[PDB]
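**Student:** One structure is given below, represented as structure tokens, and several questions about it will come after.
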Amino acid sequence: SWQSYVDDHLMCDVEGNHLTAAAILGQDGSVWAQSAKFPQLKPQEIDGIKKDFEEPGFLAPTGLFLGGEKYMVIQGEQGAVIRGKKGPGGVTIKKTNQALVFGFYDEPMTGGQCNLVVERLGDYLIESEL
């Protein structure tokens with residue numbers, strides 16, 4: 001289920017830590033499943049995310065905003081993965097055929113660990129035609 005993908009795939013503990021919050025949204029912005037602390041995103045932020053996947057580098061100059069919070073854009077994967085940092089922590093957003101997978105992390109969890117959980121789920125969803 002969508003909730004299981006969040007609870008059991010995204011929120012799994014890695015090295016004793018887990019994502020602060022996670023969610024799988026339809027590309028329309030609707031929440032398919034989310035964890036307890038996932039922030040409400042603004043329509044314009046979802047629009048920005050989609051434009052950045054379509055035109056790599058769009059958000060880079062001024063930042064990736066999520067829930068009104070600024071994340072410094074860091075190296076991503078053109079049209080597939082957006083990554084950002086905010087203080088000790090950060091986020092990974094992975095695009096699938098029909099959804100957007102989000103993972104927010106805070107130290108001691110690392111960007112690499114967040115990248116793994118979020119991107120591996122996204123890849124499974126893609127192979128599952130989702």
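Just so we're on the same page: first chain in the structure tokens is A, next is B, and so on; residues restart at 1 for each chain, and ligands are numbered from 1 in the order they show up.
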So that I can check the surroundings of residue A:87, please list as a ChimeraX atom specification every protein, DNA and RNA residue that reaches within 10 Å of it, counting only C-alpha atoms and ignoring chain neighbours fewer than 2 positions away.
**Tutor:** /A:71-72,85,89-90,106-107
**Student:** Would you pick out the contacts of residue A:105 at 10 Å or less, using only C-alpha atoms, so that residues sharing its chain but fewer than 4 positions from it are not included, and give the list as an MDAnalysis selection string?
**Tutor:** chainID A and resid 17:22 85:86 88:92 109:111 113:115
**Student:** Name the closest residue to residue A:8 among the candidates A:117, A:66, A:123, A:100; distances are taken between atoms, counting only C-alpha atoms.
**Tutor:** A:117
**Student:** Which stretch 59-130 of chain A residues have any atom within 8 Å of an atom of stretch 23-34 of chain A, and for each, what is the nearest pair of atoms with distance in Å to one decimal, counting only C-alpha atoms, rows sorted by chain and number, as CSV?
**Tutor:**
residue,atom,partner,partner_atom,distance
A:98,CA,A:27,CA,6.0
A:99,CA,A:26,CA,4.3
A:100,CA,A:25,CA,5.2
A:101,CA,A:24,CA,4.6
A:102,CA,A:23,CA,5.2
A:103,CA,A:23,CA,6.8
**Student:** Write the selection just made, keeping C-alpha atoms, as a PDB file, in the first residue's frame?
**Tutor:**
ATOM      1  CA  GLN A  98       3.156   8.955 -11.611  1.00  0.00           C
ATOM      2  CA  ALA A  99       4.408  10.203  -8.273  1.00  0.00           C
ATOM      3  CA  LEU A 100       6.953  12.282  -6.344  1.00  0.00           C
ATOM      4  CA  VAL A 101       8.765  10.587  -3.436  1.00  0.00           C
ATOM      5  CA  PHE A 102       9.974  12.902  -0.637  1.00  0.00           C
ATOM      6  CA  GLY A 103      12.388  12.222   2.222  1.00  0.00           C
TER       7      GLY A 103
END
**Student:** Which value, in Å to one decimal, gives the distance between atom CA of residue A:78 and atom CA of residue A:96?
**Tutor:**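 Atom-to-atom, atom CA of residue A:78 and atom CA of residue A:96 are spaced 12.9 Å apart.
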**Student:** What does the structure give for the distance between atom CA of residue A:74 and atom CA of residue A:122, in Å to one decimal?
**Tutor:**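 According to the coordinates, atom CA of residue A:74 and atom CA of residue A:122 are separated by 19.0 Å.
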**Student:** For atom CA of residue A:97 and atom CA of residue A:130, determine how far apart the two atoms are, in Å to one decimal place.
**Tutor:**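 Computing the Euclidean distance for atom CA of residue A:97 and atom CA of residue A:130 yields 5.2 Å.
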**Student:** Which polymer residues have any atom within 10 Å of an atom of residue A:67, counting only C-alpha atoms, with same-chain residues fewer than 5 positions away left out, as an NGL selection string?
**Tutor:** :A and (38-43 or 45)
**Student:** My list of candidates is A:120, A:37, A:9, A:70. Which is closest to residue A:104 when distances are computed with only C-alpha atoms?
**Tutor:**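 Nearest candidate to residue A:104 out of A:120, A:37, A:9, A:70: A:37.
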**Student:** With only C-alpha atoms as the basis for distance, which of A:36, A:80, A:73, A:10 is at the shortest distance from residue A:54?
**Tutor:**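 Closest to residue A:54, using only C-alpha atoms: A:80.
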**Student:** Running DSSP on the backbone, which parts of stretch 42-129 of chain A land in strand (DSSP E), as a ChimeraX atom specification?
**Tutor:** /A:64-66,69-77,81-86,89-95,99-105
**Student:** Tell me which of A:50, A:58, A:128, A:68 sits closest to residue A:93, counting only C-alpha atoms.
**Tutor:**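 For residue A:93, the nearest of the candidates is A:50.
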**Student:** Just checking: using only C-alpha atoms, which residue out of A:2, A:81, A:116, A:125 ends up closest to residue A:52?
**Tutor:**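 With only C-alpha atoms as the atom set, the closest residue is A:81.
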